[PDB]
Amino acid sequence: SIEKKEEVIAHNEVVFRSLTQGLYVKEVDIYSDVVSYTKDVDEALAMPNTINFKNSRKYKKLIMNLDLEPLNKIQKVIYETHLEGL
Amino acid sequence: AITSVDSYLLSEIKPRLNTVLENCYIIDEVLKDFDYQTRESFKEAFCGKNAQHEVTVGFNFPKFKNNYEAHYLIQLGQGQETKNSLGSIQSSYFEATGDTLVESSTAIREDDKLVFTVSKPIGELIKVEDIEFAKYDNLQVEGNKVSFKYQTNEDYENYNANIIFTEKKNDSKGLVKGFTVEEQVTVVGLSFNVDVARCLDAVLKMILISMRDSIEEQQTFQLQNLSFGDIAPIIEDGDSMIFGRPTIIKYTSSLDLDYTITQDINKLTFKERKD
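What counts and what doesn't
- Residues numbered from 1 in each chain as written, not as in the entry; some residues may be left out.
- Chains lettered and ligands numbered in written order.
- Part of a larger assembly, values for the part shown.
- Heavy atoms only, no water.
- Helix = DSSP H or I, 4+ residues; strand = E, 2+ residues; numbered from the N terminus.
- Buried < 20%, exposed > 50% of the residue type's maximum accessible area, 1.4 Å probe, protein only.
- Contact = heavy atoms within 4.5 Å.
- Buried area = accessible area lost by both parts, 1.4 Å probe.
- Salt bridge = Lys/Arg side-chain N within 4 Å of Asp/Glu carboxyl O.
- Polar contact = N/O pair within 3.5 Å; in protein donor to acceptor, adjacent residues only side chain to side chain.
- Nonpolar A, V, L, I, M, F, W, Y, C, P; charged D, E, K, R; others polar.
- Pairing = 2+ DSSP bridges.
- Core = buried A, V, L, I, M, F, W, Y, C linked by side-chain atoms within 4.5 Å.
- Axes fitted to C-alpha atoms, helices over the stretch in contact; angles between N-to-C directions.
- Left-handed = near helix turned anticlockwise from the far one by under 90°.
- Patch = residues over 30% accessible without salt bridge, like charges linked within 9 Å, V, L, I, M, F, W, Y side chains within 5 Å.
- Areas by Shrake-Rupley, 256 points an atom, 1.4 Å probe, with all protein chains shown as cover.

Method-wise, the PDB entry is recorded as coming from cryo-EM, at a reported resolution of 4.28 Å.

Below, the discussion takes up the side chain of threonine 186 of chain B. One can find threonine 186 of chain B in strand 12 (residues 174-190). You can call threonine 186 of chain B buried: its relative accessible area is 17%.

Turning our attention to unusual backbone geometry. Residues and elements named next belong to chain A. Despite not being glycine, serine 32 has its phi angle at roughly 75°, a positive value. Relative to the helices and strands, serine 32 resides in the loop between strand 2 (24-28) and strand 3 (34-38). Phi at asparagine 55 takes a positive value of approximately 60°, unusual for a residue other than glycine. Along the chain, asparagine 55 falls in the loop between strand 4 (47-48) and helix 1 (60-63).

Attention now goes to the interface of chain B and chain A. Facing the 13 residues of chain B at the interface are 12 residues of chain A. Both faces considered, chain B and chain A share a buried interface measuring about 1000 Å² in area, 52% of it formed by carbon and sulfur atoms. Its largest share of buried area at the contact with chain A, chain B owes to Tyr36, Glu44 and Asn50 of chain B, together 55% of the area lost on that side. At the junction of chain B with chain A, the criterion picks out 1 salt bridge. A salt bridge links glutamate 27 of chain A to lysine 49 of chain B, with the nearest nitrogen and oxygen atoms 3.9 Å apart. Remark: the boundary between chain B and chain A carries 2 residue pairs in polar contact. Take the side of chain B that touches chain A: its biggest share by element is 7 residues, from helix 3 (residues 36-45) of chain B. Class assignment for the residues of the side of chain B that touches chain A results in 4 nonpolar, 4 polar and 5 charged.

Let us now look at the pattern of salt bridges. The tally for this structure, following the rule as stated, stands at 21 salt bridges over all chains. Here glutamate 12 of chain B makes a salt bridge to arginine 16 of chain B, at a shortest N to O gap of 2.9 Å. Here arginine 16 of chain B and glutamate 12 of chain B lie together in helix 1 (residues 5-22), a separation of 4 residues that amounts to about one turn. Of the residues examined, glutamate 12 of chain B reaches a relative accessible area of 11% and is grouped as buried. Here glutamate 40 of chain B makes a salt bridge to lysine 43 of chain B, at a shortest N to O gap of 3.0 Å. Of the two residues, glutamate 40 of chain B and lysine 43 of chain B both sit in helix 3, 3 residues apart, roughly one turn of that helix. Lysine 43 of chain B sits in the buried class, given a relative accessible area of 16%. What emerges from the salt-bridge pattern is a single network uniting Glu27 of chain A together with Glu22 and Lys49 of chain B.

Residue and element names in this part refer to chain B. As paired elements, strand 14 (residues 232-235) and strand 15 (residues 242-244) share 3 bridges and run antiparallel to each other. Residue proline 233 lies in a different strand from strand 15, and its bridge partner there is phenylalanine 243. In this antiparallel pair of consecutive strands, strand 14 and strand 15, the connection spans 6 residues.

Right, let's get into the nonpolar core. Considering soluble globular proteins, one finds that nonpolar side chains tend to be buried as a cluster. Residues and elements named next belong to chain B. In terms of nonpolar packing, the biggest core is built from 33 residues, with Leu9 and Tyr251 touching the most fellow members. At the level of elements, helix 1, helix 2 (25-30), helix 3, strand 2 (71-75), strand 12, helix 4 (194-211) and strand 16 (246-260) are the ones that each hand at least two residues to this core. Here this core gets 9 residues from one element, more than from any other, and that element is helix 4.

On to the sheet that holds strand 5 (residues 96-106) of chain B, then. For sheets, the rule is that strands pair by backbone hydrogen bonds, running either parallel or antiparallel. Residues and elements named next belong to chain B. Within the open sheet, the 3 strands sit side by side as 5-11-8. Their pairing is antiparallel. Strand pairing shows two members of the sheet lacking a second neighbour, strand 5 and strand 8 (125-128), which therefore form its edges. Here the strands of the sheet are splayed against their neighbours by 15° on average, with no regard to which way each runs. Note: strand 8 against strand 11 (residues 160-170), 3 bridges, orientation antiparallel. Within strand 11, the position partnered with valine 128 by the bridge is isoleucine 163.

We now examine the packing of helix 1 of chain B against helix 4 of chain B. All names here are of chain B. In contact at an axis separation of 10 Å, helix 1 and helix 4 are set at 115° when each is read in the N-to-C sense. The hand of the helix 1/helix 4 crossing is right-handed. On the side of helix 1, the interface is formed by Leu9, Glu12, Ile13, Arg16, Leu17 and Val20, while helix 4 contributes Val203, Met206, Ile207, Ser210 and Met211. Per-class residue counts for the contact of helix 1 with helix 4 are 8 nonpolar, 1 polar and 2 charged.

Taken together, the side chains of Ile89, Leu175, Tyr259 and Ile261 of chain B present a nonpolar region at the surface, about 330 Å² in accessible area. By the element assignment, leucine 175 of chain B lies in strand 12.

Here you go:
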């Protein structure tokens, strides 16, 4: 018996994976081309994607790159209340 | 050696500031306290090698325009004398010595010795990293190189080390005359957006801390005392105001001069009274 359910979003950012290598980007150069890779979601390069930051410019040359696979990362907390009788 | 504090600030700030803004991990540590919105917006703007916007730094009363989006502004400030010494004497030296340097070198294989070579004459050695040369090593200096004996050190033909040394100029021994000066210098960040200013000031505080470990700071510019003013509108006659929080930096340093001695006694003759 679920009584109350609330869903909350902690973070919302975009992470880019290479189709071939399967790694995540961690760093880029002056031209925004990749300098490094990392196989860790927590350390990967991130573009903020909360509502105020949509339609960015900093990573246009990155997004257009076909080898890269953008991924929308979302972190959530949900609260579930229960009643179990006597 | 009169010390231009204003020049020293610019020399230290310009390289170090660029390095800090270059990476994102350090900025997050710096801006750990700030809220998410301000933190990322600043990072989106200036942080990273691919940042379109950039920060600038310069002195006051320039005849051109500065990047009022984000800029560091410096002005010399007051100065005072605090402590003297007897005869205004500070130190005595047997060798004309310049700045103190840190250099990296690799050991070279000579016959009896292993030697490091440095860009300039060694003069006075201070330290080689994590080596306590024993008397049997017979550590000695020669020109621009430092030498220690080979035996029971044979694993270290490829030793890679850092060296701290002084620039030697002349053998002319002389005295130092001078006193201590307590100087204050002003620094302020400028923007037409207050949030940027607060982030900018916080970045400054960190590199000031890092400067406490610098060679020049440890040896020449000591006893930091920081003081922050209130955020104020620097300008009001425009389409929008300019906001900046001034900071005051205090230093203790010596205004020194070299006095050379030529009266070197070498001969000494004893003659008894005729009576």
